Amino acid sequence: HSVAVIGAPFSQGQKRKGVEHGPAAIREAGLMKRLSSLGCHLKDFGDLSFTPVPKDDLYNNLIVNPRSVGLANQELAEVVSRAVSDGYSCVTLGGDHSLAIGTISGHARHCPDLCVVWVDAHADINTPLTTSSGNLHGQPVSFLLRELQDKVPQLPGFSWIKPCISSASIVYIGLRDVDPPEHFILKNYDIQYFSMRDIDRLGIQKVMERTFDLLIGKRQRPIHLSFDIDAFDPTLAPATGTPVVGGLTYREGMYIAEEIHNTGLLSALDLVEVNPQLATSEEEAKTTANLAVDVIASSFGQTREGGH
Amino acid sequence: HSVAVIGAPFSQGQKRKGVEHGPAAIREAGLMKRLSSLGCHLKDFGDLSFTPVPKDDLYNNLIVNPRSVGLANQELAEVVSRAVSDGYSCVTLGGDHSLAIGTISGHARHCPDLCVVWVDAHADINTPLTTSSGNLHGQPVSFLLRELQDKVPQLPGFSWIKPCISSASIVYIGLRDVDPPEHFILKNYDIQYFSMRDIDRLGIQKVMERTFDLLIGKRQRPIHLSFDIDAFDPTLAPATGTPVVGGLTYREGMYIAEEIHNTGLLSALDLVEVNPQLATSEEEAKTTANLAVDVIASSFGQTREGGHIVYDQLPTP
Amino acid sequence: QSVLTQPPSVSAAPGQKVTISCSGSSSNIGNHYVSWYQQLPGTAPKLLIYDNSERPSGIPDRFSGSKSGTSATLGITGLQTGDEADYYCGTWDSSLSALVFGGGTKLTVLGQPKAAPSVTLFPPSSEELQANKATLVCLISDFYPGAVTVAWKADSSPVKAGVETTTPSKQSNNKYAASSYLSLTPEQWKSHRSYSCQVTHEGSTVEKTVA
Ligand SMILES: [Mn+2]
Ligand SMILES: [Mn+2]
Ligand SMILES: [Mn+2]
Ligand SMILES: [Mn+2]
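Chains as they are written, first to last, in the authors' numbering: chain BBB, 24 to 331; chain CCC, 24 to 340; chain NNN, 2 to 27, 27A to 27B, 28 to 95, 95A to 95B, 96 to 208.
In structure tokens, the structure reads:
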């Protein structure tokens, strides 16, 4: 079918300036050639770089730098809504995980019955006060859960976000690093998740089979795959800002992506938290980037055996 | 049982040679000691022809090495036929995967009802028309299939090979890289295979259970295990040819070999593409070689939970 | 200055048969197989014969090739107008470690009958005369077939120095023709009371004069 590629160079203050180059890195790993080869019609929308520009670092991270995000997400959600209405499936390259706000928002505007699959070592379900203003990359999903609204504060630049999805409509895979409140939220609001323990407990195959029985069990729905790169074991994914050990095997992540493709309902995908500066060497960078390309490609049909 | 060890130092010209040291590396990893310890009769037939790769230039690539290879395989098939008739199980150290032609041929001459299990990232099943000029390392199966014969060309040195096996009697495990025609051939001729996806989706245990239900389901038959070293994840098997990532775990390949042993019907084994020149360091080389030794040993009984080596009782102080 | 020895030039009658020989040694033709290539007046040669005696489909049975010891042979029966071209014999040399060819054999299949070259030469130009660069131009045209030996008779003697002459090639009417230029200093043209362009084909001579 058709695929829209959206660069979203987001960043947390000072610590991980590099991650915005992620999109360019995944591109430079031949993302376009590979999706082209699968037979997908490819409209690349370039990068929607920081509209007010990367503002010089002084105060800002606690004041204007998060707003610049809130609005950037608004722009993204608009592009996504436009791309999704035009009939395209939406690939969003990151960039830090905040861009999930915009993408799931913009997606929900034409696909209001959408469900989410969250492949990430973290749940990134913190609130704007609980996990500070460092960044919302661990703090997005809240803005999108309708059950969490009574416990989230209206922030400057996030006035536009309306809760897209129920708690019983997002499923997590890969959870291995988690703040206490996130655990509470997930147990409290009855949100379904499979961590590495559950992976080891039941095995990747059963995880995807249960995941699909939960989300799209009784009615076909369009699926939003948000894939965080740290979800893969740091040996595989060494160029991510905050990497957690005891993560997914290469084969497991391809198996997820493959399974997602076979449902046929994939409507949009996010590939994020790939900061290449974090790599010690050129090879570390390219190997992570190349892994990304694979994940996207596997989700859009590429199988291990060559059917070209 | 009894086990015959055959060195076969094959090659596909310069930039791809070095695999000839393949058998010697496995040997130097204590292959003999370990098979000895399992309590199996060991006749080692040394290395084979090892035609000193003529003038390493010219049209030797075009005709001299391919003609010599085709015939080298003929010699091998003879040694295998001889070893197999004398009651031995046949271990063939490689060398490039092309030695599979001779071994499955020579095996078939006394065991015409044999079946094949092909553990390799690749299907190694092109026609010679599909050759990449650096030729035969990855299209050996074709000559052996008795349904792709009408579409494969009589080459110089390969006049002797008659199609040994049906398409429904080879099963592949470990598929990760496949050229378009090979995929076509496998779908077209209805050849059974289990890739990494099938491995992940079913588990190694079920793969072997299906594989045995296919091959030896309704009739006990001798099994030919052709094991390509690239089949294992490149982290495990870094000294191979065209190695592909997302390969089998160490424990999965032991599990295969172990399962194969338990059937009891292992008649011959190939261990191939073990190029040590490919390794960056001594450790990379030895680790791959050592992995090989394990695979052979696991296939012939080595159990990890302790050997089958008899102990009547323990000592007295 | 090639590797294999072919005869430089053959010619014969339309409807007849011709043989082109190829002389080599043990290292080339001795132990390895030979091939035949037809290169036309212009453009990329094509495979005519391969593996001594094999024709590609579309190459007619009018052609064939043979080989024994250190020599091979190309046979063409029912010789036709289109066949005239440069013919190359190609094989493999184990001692030189290189694919090798013959010098090449040019064919002139006699399509038409003989034609005389009516030579027309021009002297130093008035401009050139005062410009101290006299370039004698003796152009030859409308002749058949094959190259014509060209020479410059100078002051009751011969002259070979500072002289260029083009290859014979046919025009729209299939008249093969070439041109020769004699470069002198004004003095070279002054003292010498006579100059002439001497042109010779298969048969006879036709030379003009300039003073
Ligand atoms: Mn993460
Ligand atoms: Mn994340
Ligand atoms: Mn192989
Ligand atoms: Mn292989």
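All C-beta atoms, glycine included, are put in the ideal place defined by N, C-alpha and C.
- It is roughly 27 angstroms from the alpha-carbon of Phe250/BBB to the alpha-carbon of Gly197/CCC.
- By the neighbour-count criterion, in which 16 or more other beta carbons inside 10 Å mark a residue as buried, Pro121/NNN falls on the buried side.
- Pairing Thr80/NNN with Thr6/NNN, the inter-Cα distance amounts to about 26 angstroms.
- With contacts defined as CB atoms closer than 8 angstroms, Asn298/BBB and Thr263/BBB qualify as a contacting pair.
- Residue side-chain check: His247/BBB keeps its Cβ at 7 angstroms or more from all non-hydrogen atoms of ligand 2.
- Bridge partners of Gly157/CCC according to DSSP: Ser155/CCC.
- In its chain, beyond the 5 residues on either side, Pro183 have a beta carbon closer than 6 angstroms to the beta carbon of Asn129/NNN.
- Taking all protein chains shown into account, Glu306/CCC has fewer than 16 neighbouring C-beta atoms within 10 Å of its C-beta and is therefore exposed.
- Rounded to the nearest whole angstrom, the CA to CA distance from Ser156/CCC to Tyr49/NNN is 20 angstroms.
- Looking at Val87/CCC, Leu71/CCC and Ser72/CCC, the one whose alpha-carbon comes closest to that of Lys78/CCC is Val87/CCC.
- Beyond the five residues adjoining it in sequence on each side, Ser166/NNN comes within less than 8 angstroms, by CB distance, of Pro40, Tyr173, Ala174 and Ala175 in the same chain, given in chain order.
- Going by DSSP, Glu161/NNN is part of the beta strand (DSSP E) stretching over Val160 to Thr162.
- With distances taken between CA atoms, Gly125/BBB lies nearest to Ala31/BBB out of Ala31/BBB, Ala315/BBB, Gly276/BBB and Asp256/BBB.
- In this structure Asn158/BBB is buried. Its beta-carbon is surrounded by 16 or more other beta-carbon atoms within 10 angstroms.
- With 6 angstroms as the limit between CB and the heavy atoms of ligand 1, the residues that fall short of it are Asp143/BBB, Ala144/BBB, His145/BBB, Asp251/BBB, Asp253/BBB and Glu296/BBB.
- Looking only at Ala302/CCC, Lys38/CCC, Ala52/CCC and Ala254/CCC, the smallest Cα-Cα distance to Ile222/CCC is reached by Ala254/CCC.
- Per DSSP, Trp141/BBB is one residue of the beta strand (DSSP E) stretching across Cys138 to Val142.
- Secondary structure note for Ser60/CCC: its alpha helix (DSSP H) is the uninterrupted segment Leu54 to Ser60.
- Secondary structure of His24/BBB (DSSP, three-state): coil.
- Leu248/BBB has its alpha-carbon roughly 6 angstroms from the corresponding atom of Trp141/BBB.
- Listed in chain order, the non-local C-beta contacts of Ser10/NNN below 6 angstroms within the same chain comprise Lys103, local neighbours out to five positions each way being set aside.
- Among the residues of the segment 268–286 of chain BBB, those with a Cβ less than 8 angstroms away from any Cβ of chain CCC are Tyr273, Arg274, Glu275, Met277, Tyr278 and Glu281, in the order of the chain.
- Rounded to whole angstroms, the gap between the alpha carbons of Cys194/NNN and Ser27A/NNN is 47 angstroms.
- Listed along chain BBB, the residues sitting closer than 9 angstroms to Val201/CCC by beta-carbon distance are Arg327, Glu328, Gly329 and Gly330.
- Contact between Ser108/BBB and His130/BBB does not hold, since their C-beta atoms are separated by about 11 angstroms, which reaches or exceeds 8 angstroms.
- Only residues of its own chain outside the window of five on either side were considered, and among them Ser25, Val26, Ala27, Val28, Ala106 and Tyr111 have a CB closer than 8 angstroms to the CB of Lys66/BBB, listed in chain order.
- For the 8 angstroms CB-CB criterion, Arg61/NNN and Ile75/NNN form a contact.
- Between the C-alpha atoms of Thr303/CCC and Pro261/CCC there is a straight-line separation of about 9 angstroms.
- Between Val164/CCC and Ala146/CCC the beta-carbon gap is near 7 angstroms, inside 8 angstroms, which marks them as a contact.
- Per DSSP, the beta-bridge partners of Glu53/NNN are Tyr49/NNN.
- Among the residues facing chain CCC, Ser34/NNN is not included, as its CB has no counterpart in that chain under 8 angstroms away.
- Boundaries of the alpha helix (DSSP H) harbouring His130/BBB: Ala123 to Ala131, taken from the DSSP string.
- For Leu96/NNN, the enclosing beta strand (DSSP E) begins and ends at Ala95B to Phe98.
- With 16 or more other Cβ atoms from the protein chains shown falling within 10 Å of its own Cβ, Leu301/BBB counts as buried.
- Taking every protein chain shown into account, the CB of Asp236/CCC has fewer than 16 other CB atoms within 10 angstroms, so this residue is exposed.
- The three-state reading of DSSP puts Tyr273/CCC in helix, counting H, G and I together.
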